[PDB]
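Participant: I have a structure I would like to understand better, so I am pasting it below and will then ask my questions one at a time.
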Amino acid sequence: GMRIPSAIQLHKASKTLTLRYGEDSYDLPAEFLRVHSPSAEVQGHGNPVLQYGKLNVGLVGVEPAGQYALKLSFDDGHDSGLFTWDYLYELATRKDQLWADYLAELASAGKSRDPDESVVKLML
């Protein structure tokens with residue numbers, strides 16, 4: 001279709017993107033959106049690489065990049081890439097499942113969200 005927002009909030013005190021998919025109003029965190037950032041002005045590469053040591057990011061700013069994508073700035077980022085519209089809303093209704101998925105990646109890659117985490121279990 002198209003899904004173009006009217007609620008835009010980055011909630012800078014809590015770094016939360018709020019959006020409204022059709023009727024339904026969701027509020028996603030900044031650290032999810034940094035790692036789920038398919039850069040789009042790469043123009044030569046596109047590997048899936050795990051993005052870790054990024055937990056304490058926040059959102060710093062947000063303005064519409066024309067009519068088809070939303071320019072998004074991240075404190076612990078590089079403020080480049082397109083997010084489109086329909087991909088933003090796709091994420092808006094998917095985050096938890098994608099998060100649970102990205103957790104298992106971080107769990108087993110022997111890295112962490114946290115810049116200085118301490119995996120001190122033994123379960124495998």
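Scheme for the structure tokens: letters A, B, ... for chains in order shown; per-chain residue numbers from 1; ligand numbers from 1 in order shown.
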Residues within 9 Å of residue 89 in chain A, please, as an NGL selection string. Count only C-alpha atoms; anything in the same chain fewer than 5 positions from it doesn't count.

Facilitator: :A and (3-5 or 19-21 or 94)

Participant: With DSSP run on the backbone, what are the strand (DSSP E or B) residues within range 64-124 of chain A? I'd like them as a list in words.

Facilitator: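 Of range 64-124 of chain A, the ones in strand (DSSP E or B) are residues 64, 70, 71, 72, 73 and 74 of chain A.
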
Participant: Please, could you write that set of residues out with N, CA, C and O atoms as an mmCIF file, in the first residue's frame?

Facilitator:
data_model
loop_
_atom_site.group_PDB
_atom_site.id
_atom_site.type_symbol
_atom_site.label_atom_id
_atom_site.label_comp_id
_atom_site.auth_asym_id
_atom_site.auth_seq_id
_atom_site.Cartn_x
_atom_site.Cartn_y
_atom_site.Cartn_z
ATOM 1 N N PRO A 64 11.469 14.784 7.923
ATOM 2 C CA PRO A 64 11.046 14.031 6.745
ATOM 3 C C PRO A 64 11.981 14.336 5.571
ATOM 4 O O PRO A 64 12.245 15.498 5.266
ATOM 5 N N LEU A 70 11.997 9.018 5.902
ATOM 6 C CA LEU A 70 12.121 9.882 7.068
ATOM 7 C C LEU A 70 13.583 9.896 7.514
ATOM 8 O O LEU A 70 14.111 8.838 7.856
ATOM 9 N N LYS A 71 14.257 11.049 7.458
ATOM 10 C CA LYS A 71 15.647 11.198 7.872
ATOM 11 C C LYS A 71 15.716 10.996 9.381
ATOM 12 O O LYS A 71 14.999 11.680 10.114
ATOM 13 N N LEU A 72 16.538 10.054 9.833
ATOM 14 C CA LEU A 72 16.643 9.657 11.228
ATOM 15 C C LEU A 72 18.097 9.761 11.667
ATOM 16 O O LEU A 72 18.963 9.168 11.019
ATOM 17 N N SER A 73 18.342 10.463 12.776
ATOM 18 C CA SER A 73 19.666 10.665 13.342
ATOM 19 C C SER A 73 19.814 9.817 14.604
ATOM 20 O O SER A 73 18.901 9.798 15.429
ATOM 21 N N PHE A 74 20.960 9.181 14.823
ATOM 22 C CA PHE A 74 21.215 8.395 16.018
ATOM 23 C C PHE A 74 22.535 8.847 16.617
ATOM 24 O O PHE A 74 23.546 8.981 15.929
#

Participant: Given only C-alpha atoms as the basis, pick out the residue of A:2, A:117, A:22, A:36 nearest to residue 48 in chain A.

Facilitator: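 Looking at the shortest contact to residue 48 in chain A, the residue is A:36.
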
Participant: Extract the full set of alpha helix (DSSP H) residues from range 62-121 of chain A according to DSSP on the backbone, and format it as number ranges by chain.

Facilitator: A: 86-92, 95-108

Participant: Would you tabulate, counting only C-alpha atoms, all residues of range 24-82 of chain A that have an atom at most 7 Å from an atom of range 106-113 of chain A, showing the closest pair of atoms and their distance in Å to one decimal, sorted by chain then ascending number, as a Markdown table?

Facilitator:
| residue | atom | partner | partner_atom | distance |
| --- | --- | --- | --- | --- |
| A:52 | CA | A:113 | CA | 4.9 |
| A:53 | CA | A:113 | CA | 4.7 |
| A:54 | CA | A:113 | CA | 5.5 |
| A:55 | CA | A:113 | CA | 4.8 |

Participant: Export N, CA, C and O atoms of the chosen residues as a tab-separated table (two decimals), in the first residue's frame?

Facilitator:
chain	number	residue	atom	x	y	z
A	52	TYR	N	26.40	-4.53	17.39
A	52	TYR	CA	26.53	-4.72	18.83
A	52	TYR	C	27.30	-3.53	19.43
A	52	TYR	O	27.78	-2.65	18.70
A	53	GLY	N	27.42	-3.51	20.75
A	53	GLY	CA	28.02	-2.42	21.52
A	53	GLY	C	27.34	-1.09	21.21
A	53	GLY	O	28.01	-0.10	20.93
A	54	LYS	N	26.00	-1.10	21.15
A	54	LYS	CA	25.16	-0.02	20.61
A	54	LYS	C	23.95	0.25	21.51
A	54	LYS	O	23.05	0.98	21.11
A	55	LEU	N	23.85	-0.40	22.67
A	55	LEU	CA	22.67	-0.37	23.53
A	55	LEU	C	22.35	1.03	24.03
A	55	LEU	O	21.18	1.43	24.04

Participant: Under the rule that only C-alpha atoms are counted, which of A:104, A:82, A:28, A:124 is the nearest residue to residue 8 in chain A?

Facilitator: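 For residue 8 in chain A, the nearest of the candidates is A:28.
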
Participant: Please list as a VMD selection string every residue within 10 Å of residue 56 in chain A, counting only C-alpha atoms and excluding residues in the same chain fewer than 2 positions away.

Facilitator: chain A and resid 30 to 31 53 to 54 58 75 to 76 113 to 115

Participant: Could you check which of A:80, A:85, A:45, A:27 is closest to residue 1 in chain A, using only C-alpha atoms?

Facilitator: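 Among A:80, A:85, A:45, A:27, it is A:85 that comes nearest to residue 1 in chain A.
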
Participant: Quick one, how far is CA of residue 12 in chain A from CA of residue 92 in chain A?

Facilitator: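 Interatomic distance here is 17.8 Å.
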
Participant: Residues at most 12 Å from residue 79 in chain A, counting only C-alpha atoms, excluding those fewer than 5 positions away in the same chain, as a PDB file with N, CA, C and O atoms, in the first residue's frame?

Facilitator:
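Below is the file that was written, out08.pdb:
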ATOM      1  N   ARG A  34      18.393   1.438  15.523  1.00  0.00           N
ATOM      2  CA  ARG A  34      19.774   1.595  15.059  1.00  0.00           C
ATOM      3  C   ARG A  34      20.276   0.312  14.415  1.00  0.00           C
ATOM      4  O   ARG A  34      20.922   0.367  13.372  1.00  0.00           O
ATOM      5  N   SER A  37      18.813  -0.897  10.859  1.00  0.00           N
ATOM      6  CA  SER A  37      19.030   0.217   9.938  1.00  0.00           C
ATOM      7  C   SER A  37      19.720  -0.254   8.651  1.00  0.00           C
ATOM      8  O   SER A  37      20.949  -0.211   8.577  1.00  0.00           O
ATOM      9  N   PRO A  38      18.973  -0.732   7.642  1.00  0.00           N
ATOM     10  CA  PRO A  38      19.480  -1.013   6.310  1.00  0.00           C
ATOM     11  C   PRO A  38      19.824   0.317   5.636  1.00  0.00           C
ATOM     12  O   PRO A  38      18.940   1.006   5.117  1.00  0.00           O
ATOM     13  N   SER A  39      21.101   0.700   5.672  1.00  0.00           N
ATOM     14  CA  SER A  39      21.603   1.863   4.970  1.00  0.00           C
ATOM     15  C   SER A  39      21.327   1.681   3.478  1.00  0.00           C
ATOM     16  O   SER A  39      21.289   0.557   2.971  1.00  0.00           O
ATOM     17  N   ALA A  40      21.122   2.792   2.783  1.00  0.00           N
ATOM     18  CA  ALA A  40      20.560   2.821   1.435  1.00  0.00           C
ATOM     19  C   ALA A  40      21.358   3.727   0.499  1.00  0.00           C
ATOM     20  O   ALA A  40      21.026   3.834  -0.679  1.00  0.00           O
ATOM     21  N   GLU A  41      22.403   4.376   1.007  1.00  0.00           N
ATOM     22  CA  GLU A  41      23.321   5.221   0.259  1.00  0.00           C
ATOM     23  C   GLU A  41      24.730   4.611   0.376  1.00  0.00           C
ATOM     24  O   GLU A  41      25.751   5.290   0.309  1.00  0.00           O
ATOM     25  N   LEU A  59      18.120   8.434  20.144  1.00  0.00           N
ATOM     26  CA  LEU A  59      17.698   9.264  19.035  1.00  0.00           C
ATOM     27  C   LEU A  59      18.027  10.708  19.388  1.00  0.00           C
ATOM     28  O   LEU A  59      17.767  11.142  20.509  1.00  0.00           O
ATOM     29  N   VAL A  60      18.549  11.453  18.422  1.00  0.00           N
ATOM     30  CA  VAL A  60      18.909  12.859  18.569  1.00  0.00           C
ATOM     31  C   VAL A  60      18.022  13.751  17.713  1.00  0.00           C
ATOM     32  O   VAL A  60      17.680  14.855  18.140  1.00  0.00           O
ATOM     33  N   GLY A  61      17.589  13.271  16.551  1.00  0.00           N
ATOM     34  CA  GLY A  61      16.763  14.080  15.669  1.00  0.00           C
ATOM     35  C   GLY A  61      16.116  13.316  14.524  1.00  0.00           C
ATOM     36  O   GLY A  61      16.485  12.177  14.228  1.00  0.00           O
ATOM     37  N   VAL A  62      15.108  13.945  13.916  1.00  0.00           N
ATOM     38  CA  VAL A  62      14.215  13.334  12.945  1.00  0.00           C
ATOM     39  C   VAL A  62      13.495  14.430  12.165  1.00  0.00           C
ATOM     40  O   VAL A  62      12.846  15.297  12.757  1.00  0.00           O
ATOM     41  N   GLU A  63      13.608  14.398  10.838  1.00  0.00           N
ATOM     42  CA  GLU A  63      12.880  15.280   9.915  1.00  0.00           C
ATOM     43  C   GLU A  63      12.618  14.559   8.582  1.00  0.00           C
ATOM     44  O   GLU A  63      13.476  13.805   8.123  1.00  0.00           O
ATOM     45  N   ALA A  65      12.503  13.299   4.912  1.00  0.00           N
ATOM     46  CA  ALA A  65      13.560  13.430   3.911  1.00  0.00           C
ATOM     47  C   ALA A  65      12.991  13.707   2.518  1.00  0.00           C
ATOM     48  O   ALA A  65      13.457  13.138   1.526  1.00  0.00           O
ATOM     49  N   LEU A  70      11.997   9.018   5.902  1.00  0.00           N
ATOM     50  CA  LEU A  70      12.121   9.882   7.068  1.00  0.00           C
ATOM     51  C   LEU A  70      13.583   9.896   7.514  1.00  0.00           C
ATOM     52  O   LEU A  70      14.111   8.838   7.856  1.00  0.00           O
ATOM     53  N   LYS A  71      14.257  11.049   7.458  1.00  0.00           N
ATOM     54  CA  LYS A  71      15.647  11.198   7.872  1.00  0.00           C
ATOM     55  C   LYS A  71      15.716  10.996   9.381  1.00  0.00           C
ATOM     56  O   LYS A  71      14.999  11.680  10.114  1.00  0.00           O
ATOM     57  N   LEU A  72      16.538  10.054   9.833  1.00  0.00           N
ATOM     58  CA  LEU A  72      16.643   9.657  11.228  1.00  0.00           C
ATOM     59  C   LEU A  72      18.097   9.761  11.667  1.00  0.00           C
ATOM     60  O   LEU A  72      18.963   9.168  11.019  1.00  0.00           O
ATOM     61  N   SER A  73      18.342  10.463  12.776  1.00  0.00           N
ATOM     62  CA  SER A  73      19.666  10.665  13.342  1.00  0.00           C
ATOM     63  C   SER A  73      19.814   9.817  14.604  1.00  0.00           C
ATOM     64  O   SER A  73      18.901   9.798  15.429  1.00  0.00           O
ATOM     65  N   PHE A  74      20.960   9.181  14.823  1.00  0.00           N
ATOM     66  CA  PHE A  74      21.215   8.395  16.018  1.00  0.00           C
ATOM     67  C   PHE A  74      22.535   8.847  16.617  1.00  0.00           C
ATOM     68  O   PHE A  74      23.546   8.981  15.929  1.00  0.00           O
TER      69      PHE A  74
END

Participant: Taking 2 positions as the minimum chain separation for residues in the same chain, which residues sit within 9 Å of residue 84 in chain A when counting only C-alpha atoms? Answer as a PyMOL selection string.

Facilitator: chain A and resi 68-70+82+86-88

Participant: Next, the residues of the selection above should be written as a compact mmCIF listing (two decimals), in the first residue's frame with N, CA, C and O atoms.

Facilitator:
# COMPACT_ATOMS: atom_id res chain seq x y z
N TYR A 68 8.95 10.37 0.90
CA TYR A 68 9.02 8.92 0.68
C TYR A 68 9.86 8.20 1.73
O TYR A 68 9.83 6.98 1.78
N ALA A 69 10.62 8.92 2.56
CA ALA A 69 11.47 8.40 3.61
C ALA A 69 11.57 9.45 4.72
O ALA A 69 11.31 10.64 4.50
N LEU A 70 12.00 9.02 5.90
CA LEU A 70 12.12 9.88 7.07
C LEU A 70 13.58 9.90 7.51
O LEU A 70 14.11 8.84 7.86
N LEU A 82 18.30 5.48 3.97
CA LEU A 82 16.88 5.76 3.80
C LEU A 82 16.14 4.73 4.64
O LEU A 82 16.56 3.57 4.70
N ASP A 86 7.04 2.65 3.98
CA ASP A 86 6.36 1.37 4.18
C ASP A 86 7.21 0.40 5.00
O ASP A 86 6.66 -0.37 5.78
N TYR A 87 8.54 0.50 4.90
CA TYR A 87 9.46 -0.23 5.77
C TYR A 87 9.39 0.26 7.22
O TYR A 87 9.40 -0.57 8.13
N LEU A 88 9.26 1.57 7.47
CA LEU A 88 9.12 2.09 8.84
C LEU A 88 7.92 1.48 9.53
O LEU A 88 8.04 1.02 10.66

Participant: CA of residue 66 in chain A to CA of residue 6 in chain A: how many Å, to one decimal?

Facilitator: 14.7 Å
